[PDB]
Engineer: 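Quick one: the structure is below, questions incoming.
Proteins get letters first, then strands, A, B, ... in listed order; numbering begins at 1 in each. Computed over heavy atoms, backbone and side chain alike; hydrogens, waters and symmetry mates excluded.
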Amino acid sequence: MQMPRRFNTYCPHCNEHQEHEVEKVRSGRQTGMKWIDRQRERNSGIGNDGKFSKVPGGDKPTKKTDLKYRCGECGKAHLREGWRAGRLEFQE
Amino acid sequence: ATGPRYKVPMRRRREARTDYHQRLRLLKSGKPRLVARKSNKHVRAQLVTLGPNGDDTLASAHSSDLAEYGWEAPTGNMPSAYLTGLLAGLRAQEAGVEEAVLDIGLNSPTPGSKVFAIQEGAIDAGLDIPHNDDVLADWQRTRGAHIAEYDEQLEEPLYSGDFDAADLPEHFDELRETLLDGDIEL
Amino acid sequence: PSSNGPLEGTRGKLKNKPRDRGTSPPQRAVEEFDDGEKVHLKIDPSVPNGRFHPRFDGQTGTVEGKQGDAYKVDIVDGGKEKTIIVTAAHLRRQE
Amino acid sequence: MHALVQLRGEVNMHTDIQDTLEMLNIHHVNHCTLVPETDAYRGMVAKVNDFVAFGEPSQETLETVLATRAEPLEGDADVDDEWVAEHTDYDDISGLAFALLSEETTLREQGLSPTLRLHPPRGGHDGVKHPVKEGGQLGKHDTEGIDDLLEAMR
Amino acid sequence: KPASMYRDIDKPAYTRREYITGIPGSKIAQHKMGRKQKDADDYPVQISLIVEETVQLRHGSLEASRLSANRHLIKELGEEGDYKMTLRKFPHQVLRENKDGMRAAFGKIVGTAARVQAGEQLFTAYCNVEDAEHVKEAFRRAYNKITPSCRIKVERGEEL
RNA sequence: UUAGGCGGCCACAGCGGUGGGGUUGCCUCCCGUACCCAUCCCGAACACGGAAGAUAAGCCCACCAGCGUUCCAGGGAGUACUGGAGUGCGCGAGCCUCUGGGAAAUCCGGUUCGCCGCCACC
RNA sequence: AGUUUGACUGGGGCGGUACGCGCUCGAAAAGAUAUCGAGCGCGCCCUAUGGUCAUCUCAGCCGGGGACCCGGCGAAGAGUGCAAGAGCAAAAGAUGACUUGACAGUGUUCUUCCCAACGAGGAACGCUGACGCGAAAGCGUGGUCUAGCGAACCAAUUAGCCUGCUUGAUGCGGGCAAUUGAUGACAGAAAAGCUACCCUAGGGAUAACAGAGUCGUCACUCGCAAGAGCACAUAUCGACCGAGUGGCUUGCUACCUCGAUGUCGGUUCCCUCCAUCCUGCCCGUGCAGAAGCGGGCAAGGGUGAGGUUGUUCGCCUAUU
RNA sequence: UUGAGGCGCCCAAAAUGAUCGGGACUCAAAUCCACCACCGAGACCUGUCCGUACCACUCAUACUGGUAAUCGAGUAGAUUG
RNA sequence: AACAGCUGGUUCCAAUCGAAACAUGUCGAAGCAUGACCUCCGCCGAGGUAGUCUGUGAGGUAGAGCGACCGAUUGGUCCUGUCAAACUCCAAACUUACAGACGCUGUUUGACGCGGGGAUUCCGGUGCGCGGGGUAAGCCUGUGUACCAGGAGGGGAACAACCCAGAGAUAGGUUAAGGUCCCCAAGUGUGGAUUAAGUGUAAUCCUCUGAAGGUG
Ligand SMILES: [Cl-]
Ligand SMILES: [Cl-]
Ligand SMILES: [Cl-]
Ligand SMILES: [Cl-]
Ligand SMILES: [Cl-]
Ligand SMILES: [K+]
Ligand SMILES: [Mg+2]
Ligand SMILES: [Mg+2]
Ligand SMILES: [Mg+2]
Ligand SMILES: [Mg+2]
Ligand SMILES: [Mg+2]
Ligand SMILES: [Mg+2]
Ligand SMILES: [Mg+2]
Ligand SMILES: [Mg+2]
Ligand SMILES: [Mg+2]
Ligand SMILES: [Mg+2]
Ligand SMILES: [Mg+2]
Ligand SMILES: [Mg+2]
Ligand SMILES: [Mg+2]
Ligand SMILES: [Mg+2]
Ligand SMILES: [Mg+2]
Ligand SMILES: [Mg+2]
Ligand SMILES: [Mg+2]
Ligand SMILES: [Mg+2]
Ligand SMILES: [Mg+2]
Ligand SMILES: [Mg+2]
Ligand SMILES: [Mg+2]
Ligand SMILES: [Mg+2]
Ligand SMILES: [Mg+2]
Ligand SMILES: [Mg+2]
Ligand code: NA
Ligand code: NA
Ligand code: NA
Ligand code: NA
Ligand code: NA
Ligand code: NA
Ligand code: NA
Ligand code: NA
Ligand code: NA
Ligand code: NA
Ligand code: NA
Ligand code: NA
Ligand code: NA
Ligand code: NA
Ligand code: NA
Ligand code: NA
Ligand code: NA
Ligand code: NA
Ligand code: NA
Ligand code: NA
Ligand code: NA
Ligand code: NA
Ligand SMILES: [Sr+2]
Ligand SMILES: [Sr+2]
Ligand SMILES: [Sr+2]
Ligand SMILES: [Sr+2]
Ligand SMILES: [Sr+2]
Ligand SMILES: [Sr+2]
Ligand SMILES: [Sr+2]
Ligand SMILES: [Sr+2]
Ligand SMILES: [Sr+2]
Ligand SMILES: [Sr+2]
Ligand SMILES: [Sr+2]
Ligand SMILES: [Sr+2]
Ligand SMILES: [Sr+2]
Ligand SMILES: [Sr+2]
Ligand SMILES: [Sr+2]
Ligand SMILES: [Sr+2]
Ligand SMILES: [Sr+2]
Ligand SMILES: [Sr+2]
Ligand SMILES: [Sr+2]
Ligand SMILES: [Sr+2]
Ligand SMILES: [Sr+2]
Ligand SMILES: [Sr+2]
Ligand SMILES: [Sr+2]
Ligand SMILES: [Sr+2]
Ligand SMILES: [Sr+2]
Ligand SMILES: [Sr+2]
Ligand SMILES: [Sr+2]
């Protein structure tokens, strides 16, 4: 479906309606220094590694919308419930 | 009409006099309705409330009984409308009515119209009614100025009978002044 | 049933007889009830909003306050007490 | 006022029908009760119509049965004229029987068990598989019909 | 297939063609016989074949009986004799057969039948007083081809 | 209510038809665009201003039943169906009796051409 | 080397998914209700196809100049994203314009799960905040209603704050609230087969075989008698349709036995049934005779020997 | 001549020995319409006793008296002497 | 002394109450958990509602009908012939919410309700009514109810659920279903009619057959 790149809506920060900009959430890079990262190293040994021997699950036929809504005045973003959408293109 | 399965509209829908969808939204306020209605010659304002067997009019005013206070002019114009509203409004206050919502029936919400003039009249009588100032005609027109300036383009008196040649919005002032007065027999 | 949605098997009960078809009179959608009053529950096919679960048509509950313009009606489903949110459009005074 | 006598046992009878008989104070086969003719009572007997024998008894018959099978709310005590006189608002059985028939009082109000526990019908009854009109003993009876039964269950 | 399989009314009415497909055509060739341009009122005698038991009659039986009856009227009154006969019932009930054992047993469509209640007129013929015994004979042959016992009843007619 | 406004019930009120009614009164049609307002084009409508004319429309009053609808009597029908009971009948599908309920189509004769509430008003 | 390789199922396998959802019917006029029950859908799509307001009335038919224009009839058969059922006409539909409420926070209640406990999800109805449109009442918690959905752990993402072992600074961690990423076996394991070399626990809770119920199938009969039989229904043959009897075939069911009722065919030895192949006694004949064909009573007796094939069955030979 | 009803007859063939439980029965010991008198349960009525529950008295759950038409069957299982 | 959700077994008496063979979830269907239902204890303190009547409501199954929708379905030169589980202009019986009345019941037998302990149970079966599938079945799968299971005793030749009947002990009596020619307790009972086939002496039924057709 189509969607406006900018539009007026509620900013939970300013606490008043303002023009927001919508962006798709880009994946942040991992550091490899989280607790789970150390547990993988600690717990993996000879033979099977329990949970660390499992591999990536599958895919749902359609994914939900994953967006950031940025207030055009204070610059702070907020998140919203996504909705299933095969494709999402922004208008402008 | 055609058969068992045929669907005949509600009576007031056939007669084309009651917009039921508008009526519902109106009745939701829970307040009384300020029924503003027009005739080719007159203007009526009623304060209606809901009732077990039908509506209840607690107060009303008809442009005709406007003369009873000193009106010698026609009764199908702006000054006529405003005053009729004020009269009905005042009578409404007497009955204990404090607030209402404007019901204009099948008339159009045209800016500066008479139904809004009626509304402004009722509001001045002291009635609290949800309104919007910039949809109301500007004072002078309510006074009847638009009509006087029209008679200025004389050559032939606007009014047939003789109320006056150039007419008088001043008469409007006298009547209003008369109504806002405490005494007045309502 | 072959499905278990709220409207399963509601063909009859949620359909108007042809003559009662069309927008319903506003009078009953604005009626006012007092706490303690017995009210019959029956959805009006023509009125979309303010409905309760179809399974409850035919109940006669007790108004026990309201939420917004809708009413909170108490009933007893079999042996269990339940509170139903419903607008006047779907209610009628008992007796 | 009708006389109700259960002639068919509880085994296999609908529960709502059995509960009705219990509300009419009959809990056993051959137990009889006296019921006023009201719309409320009329429905009850109509529902039990197939497991009972009922009808309006004669003054005499009611008197015979009252003397022979009436009982105090509690105890063995015989219910004879003297008993009736020293315990009820009447002077003798006849006065009681008359008031019952005319529906002015009830066995309970007068300190009597609501139930008359009759004896099996001497000479047997007409059968519990058919109504009166078919030669059986079930359902509404003639005043002479009820009298024959009640007297036989003396 | 024996009629024992379908003669009774022991199933819901099954006639909705908007939900049933592949229904075999009817074997009944005609419902109006004799002189169909004439009226029934133009005759003094009117005899009907009445079914004595409620049943289902497969279109195969209707045709066989209708045939053996009208075929007799033709032989005895001519291919244009002065008479008219009517088969008033139509085979609306769709029949199935389960031809995997009792698994997914819902049968495939195999035919059609007419439901007739006891006491109804299956056939009604109209003739002249002369050909009254011929129509009675046509019916005798007709009821030998449909499940139930029947009554040959003379409605309009008292020349006895 | 010698014609009005707001309604409740929402065809007993619909469809169709006949007759009657208005000098400064009422509702209208009607007359007319400087204004408030208006037509994707039209003062048609909406809106505003107004009385030269009219009762032909609408409307209100009186009435007709052919169609549609509501209710009532008789007939169909205590039929069809049916809650309770049966060592009643039938090879059987099924039927009958007793008890408590009880239609629909349709025919026929009536009813129905709205009823009621609030306000205003020769 | 260790393991997995699911469940449902008229036994199991193959097929299928009735394994998560929605609608009509089944469903017996409250609610609830099963089957590998009947009809059929959903795992999306849409920035408008959402929201409001203004203006407006649709199918279809007719008349005048299957595009367009004018008039008339026209409660709804149009349209409303997609199953089905339902809702809707001064609208919930159409056109036009404006707008982003498809908003943030937090609840009540119902549903999911009738009754009656159970999560995610869903809906209705509120409040607080901020907005849109409208004269205003009011409408907007997405699409008129019922399908369009997903736990924990972990990661990424959003804004502020809490916190990391004597202590300060830095780095890098741990946490409160929430969004997104999938488990369709859809209240979530990470997962292929063979065994006739087999083994154990059990089951007649469940199949093979026999019995039993059924009788569609099979065998036999009867009713009607179209038809042909050179003419002639009925010497003889005999369609359609209709009604039955048997329990020999086959199928169905899963009642009986799985701590065991020994298989097919054959053989040997005994009893029986009649729907009769011969023999006895009869009727008809398209009965000259002879030889037949068909039918009736009738179960006393008889009904044999061989070639192929494990065969039952059947084919074939010579006798009778 | 024709209509209706009752009972029966034909249609009607199976395997160790026929059957309505058997004997056997014909103006019945069959069938249908009526009717009379009887037999026949642990049901119902009635005497005495037992248990259980409740009531009065009581420290008592020890006696004594009273009430039960509206108490007395029971697998799994809960409770108690 | 492996584990098993699988088979077998688990030892004294009595008194009170007394099931579930179903719903939701489950690698779950030979098992569990949570509910339903059984039982025990504590709390509460006046109502309760298995029956009926009436009032105020809910409902589209039976039936019926379709120039009332819808879709099927005849023929003739308006008429004439038929239907519907997924049709309805109509429309029951009946089921159901709430309230009052009568009944019954509860206030020392504490009901209704609340809180807590303990379960068992989640192979069911049959009759009747209503079903859906199937030619059918002592078939499969629903539903309401009563029964067997877990229910004696009387009757039915025998015989889980068909009839009577719900049962402490003992005793007398009278009946129920059913039966009265004998076997076998009671009639070779009464008035009247039919049947000549041993029809029949067979309520119900896997169990008792008997059909279409025909009969001076
Ligand atoms: Cl996205
Ligand atoms: Cl107006
Ligand atoms: Cl609800
Ligand atoms: Cl018991
Ligand atoms: Cl004999
Ligand atoms: K075995
Ligand atoms: Mg339905
Ligand atoms: Mg006593
Ligand atoms: Mg005796
Ligand atoms: Mg007897
Ligand atoms: Mg006129
Ligand atoms: Mg029988
Ligand atoms: Mg291991
Ligand atoms: Mg399996
Ligand atoms: Mg229901
Ligand atoms: Mg995981
Ligand atoms: Mg992410
Ligand atoms: Mg699951
Ligand atoms: Mg689930
Ligand atoms: Mg083994
Ligand atoms: Mg078995
Ligand atoms: Mg052996
Ligand atoms: Mg023979
Ligand atoms: Mg022999
Ligand atoms: Mg013990
Ligand atoms: Mg003891
Ligand atoms: Mg029907
Ligand atoms: Mg058991
Ligand atoms: Mg003897
Ligand atoms: Mg015999
Ligand atoms: Na470590
Ligand atoms: Na409506
Ligand atoms: Na298969
Ligand atoms: Na344009
Ligand atoms: Na006029
Ligand atoms: Na698995
Ligand atoms: Na939820
Ligand atoms: Na077999
Ligand atoms: Na057979
Ligand atoms: Na052998
Ligand atoms: Na022989
Ligand atoms: Na051979
Ligand atoms: Na026990
Ligand atoms: Na194990
Ligand atoms: Na079970
Ligand atoms: Na399970
Ligand atoms: Na298991
Ligand atoms: Na009471
Ligand atoms: Na029926
Ligand atoms: Na029992
Ligand atoms: Na016995
Ligand atoms: Na015999
Ligand atoms: Sr390590
Ligand atoms: Sr490793
Ligand atoms: Sr996938
Ligand atoms: Sr069937
Ligand atoms: Sr026949
Ligand atoms: Sr004009
Ligand atoms: Sr038969
Ligand atoms: Sr009546
Ligand atoms: Sr393996
Ligand atoms: Sr198989
Ligand atoms: Sr909505
Ligand atoms: Sr440190
Ligand atoms: Sr392979
Ligand atoms: Sr091998
Ligand atoms: Sr023979
Ligand atoms: Sr011979
Ligand atoms: Sr063989
Ligand atoms: Sr062969
Ligand atoms: Sr006992
Ligand atoms: Sr006991
Ligand atoms: Sr008990
Ligand atoms: Sr029902
Ligand atoms: Sr005798
Ligand atoms: Sr005799
Ligand atoms: Sr048997
Ligand atoms: Sr039989
Ligand atoms: Sr016969």
Engineer: Just by modelled atom types, is the D:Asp16 backbone N or O under 3.5 Å from a matching donor or acceptor in the D:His14 side chain?
Structural biologist: no
Engineer: Classify the side chain of E:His92 and the base of I:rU82 as holding, or not holding, a donor-acceptor pair under 3.5 Å.
Structural biologist: yes
Engineer: When the ring planes of C:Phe56 and C:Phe52 are compared, do they come out parallel, tilted or perpendicular, using 30° and 60° as the limits?
Structural biologist: tilted
Engineer: Do you see a donor-acceptor pair shorter than 3.5 Å between the side chains of C:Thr60 and C:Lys38?
Structural biologist: no
Engineer: With a 4.0 Å cut-off on N to O distance, would you call D:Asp50 and D:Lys129 a salt bridge?
Structural biologist: no
Engineer: Nearest of G:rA137, G:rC241, G:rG216 to any side-chain atom of B:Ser29?
Structural biologist: G:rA137
Engineer: Go through the N and O atoms of the side chain of C:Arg55 and the base of G:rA30, and report whether any donor-acceptor pair is under 3.5 Å.
Structural biologist: no
Engineer: For G:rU24 and G:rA189, is it a pair or not, if I count Watson-Crick and G-U wobble only and require both distances under 3.5 Å?
Structural biologist: no
Engineer: Does NZ belonging to C:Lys66 count more than 12 external heavy atoms closer than 6.0 Å?
Structural biologist: yes
Engineer: May I ask you to verify whether the side chain of B:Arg5 and the base of G:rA75 hold a donor-acceptor pair under 3.5 Å?
Structural biologist: no
Engineer: Can you see a Watson-Crick or G-U wobble pair between H:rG51 and H:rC71, using both distances under 3.5 Å as the test?
Structural biologist: yes
Engineer: Looking at the base of F:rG5, is there any donor atom on it, or on the side chain of B:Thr57, that sits under 3.5 Å from an acceptor on the other one?
Structural biologist: yes
Engineer: For the side chain of E:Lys89, counting heavy atoms from C-beta on, which of F:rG14, G:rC125, I:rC83 is nearest?
Structural biologist: I:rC83
Engineer: Kindly indicate whether G:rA86 forms a Watson-Crick or G-U wobble pair with G:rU144, where both distances must fall under 3.5 Å.
Structural biologist: yes
Engineer: So, does C:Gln27 use its side chain to make a donor-acceptor pair with the main chain of B:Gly51 at under 3.5 Å?
Structural biologist: yes
Engineer: Assign A:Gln2 to base, sugar-phosphate, or nothing according to its heavy-atom contacts below 4.0 angstrom with the strands shown.
Structural biologist: base
Engineer: Strictly below 4.0 Å, N to O, side chains only: are A:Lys34 and A:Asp37 in salt-bridge contact?
Structural biologist: no
Engineer: Would you say a side-chain N or O of B:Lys41 is under 4.0 Å from OP1 or OP2 of F:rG4?
Structural biologist: no
Engineer: In which groove, major or minor, does a side-chain heavy atom of B:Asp55 fall under 5.0 Å of a base atom?
Structural biologist: minor
Engineer: Any N or O donor-acceptor pair under 3.5 Å from the base of I:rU56 to the side chain of C:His40?
Structural biologist: yes
Engineer: Decide yes or no, distance alone: a donor-acceptor N/O pair under 3.5 angstrom between the base of F:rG5 and the side-chain of B:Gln46.
Structural biologist: yes
Engineer: Is any side-chain nitrogen or oxygen of E:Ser68 closer than 4.0 Å to OP1 or OP2 of G:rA226?
Structural biologist: no
Engineer: Does any donor-acceptor pair link the side chain of E:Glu53 with the base of F:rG92 at a separation under 3.5 Å?
Structural biologist: yes
Engineer: Would you say whether E:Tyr19 stacks on I:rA86? The test is a distance between ring centres of less than 5.5 Å and an angle between planes of less than 30°.
Structural biologist: yes
Engineer: Among I:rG103, I:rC163, G:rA135, which nucleotide sits nearest the side chain of D:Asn25?
Structural biologist: I:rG103
Engineer: Where the side chain of A:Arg38 is concerned, which of F:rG14, G:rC110, G:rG173 is the nearest nucleotide?
Structural biologist: G:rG173
Engineer: Of all the nucleotides listed (G:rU158, F:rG50, G:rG138), which has the minimum atom distance to the side chain of B:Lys28?
Structural biologist: G:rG138
Engineer: Starting the side chain at C-beta, find the nucleotide from G:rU24, F:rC119, G:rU157 nearest to B:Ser60.
Structural biologist: F:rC119
Engineer: Between the base of G:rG43 and the side chain of A:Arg84, is there any donor-acceptor pair under 3.5 Å?
Structural biologist: no
Engineer: Identify whether the distance between the nearest side-chain nitrogen and carboxylate oxygen of B:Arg33 and B:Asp55 falls below 4.0 Å.
Structural biologist: yes
Engineer: Can you check whether A:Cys11's main-chain N or O pairs, donor with acceptor, with A:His13's side chain at less than 3.5 Å?
Structural biologist: no
Engineer: Between A:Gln91 and G:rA48, is there a side-chain N or O to OP1/OP2 distance below 4.0 Å?
Structural biologist: yes
Engineer: Please tell me whether G:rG6 and G:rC19 form a Watson-Crick or G-U wobble pair, using a cut-off of 3.5 Å on both distances.
Structural biologist: yes
Engineer: Ignoring hydrogens and angles, are the base of G:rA90 and the side chain of B:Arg13 linked by a donor-acceptor pair under 3.5 Å?
Structural biologist: yes
Engineer: Please state whether the base of G:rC240 and the side chain of E:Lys145 form at least one donor-acceptor pair under 3.5 Å?
Structural biologist: yes
Engineer: Considering just the side-chain nitrogens and oxygens of E:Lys11, establish if one lies under 4.0 Å of OP1 or OP2 belonging to I:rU135.
Structural biologist: yes
Engineer: Of the nucleotides I:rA86, I:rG75, F:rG68, which has the atom closest to the B:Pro4 side chain?
Structural biologist: F:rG68
Engineer: Classify the side-chain pair A:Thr9/A:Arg80 by whether it contains a donor and acceptor separated by less than 3.5 Å.
Structural biologist: yes
Engineer: Would G:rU249 and G:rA59 count as paired if we go with Watson-Crick or G-U wobble and both distances under 3.5 Å?
Structural biologist: no
Engineer: Just to confirm, is there a sub-4.0 Å distance from OP1 or OP2 of I:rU174 to any side-chain nitrogen or oxygen of D:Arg122?
Structural biologist: no
Engineer: More 5' along RNA chain H: D:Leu73 or D:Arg69, using each one's nearest nucleotide?
Structural biologist: D:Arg69
Engineer: What about C:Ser2, does its side chain sit under 3.5 Å from the base of G:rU24 through a donor-acceptor pair?
Structural biologist: yes
Engineer: How close or far is atom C1' of G:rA54 from atom NE2 of B:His21, stated in whole angstroms?
Structural biologist: 16 Å
Engineer: When only distance counts, do a donor and an acceptor, one from the side chain of D:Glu134 and one from the base of F:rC98, lie under 3.5 Å apart?
Structural biologist: no
Engineer: Give, ordered by number, those residues of residues 54-68 of chain A having at least one heavy-atom distance below 4.0 Å to an atom of RNA chain G; if nothing qualifies, reply none.
Structural biologist: A:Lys54, A:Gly58, A:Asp59, A:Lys60, A:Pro61, A:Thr62, A:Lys63, A:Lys64, A:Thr65, A:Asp66, A:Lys68
Engineer: Regarding G:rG223, can its base be found pairing with the side chain of E:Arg141 as donor and acceptor, where the two atoms are less than 3.5 Å apart?
Structural biologist: no
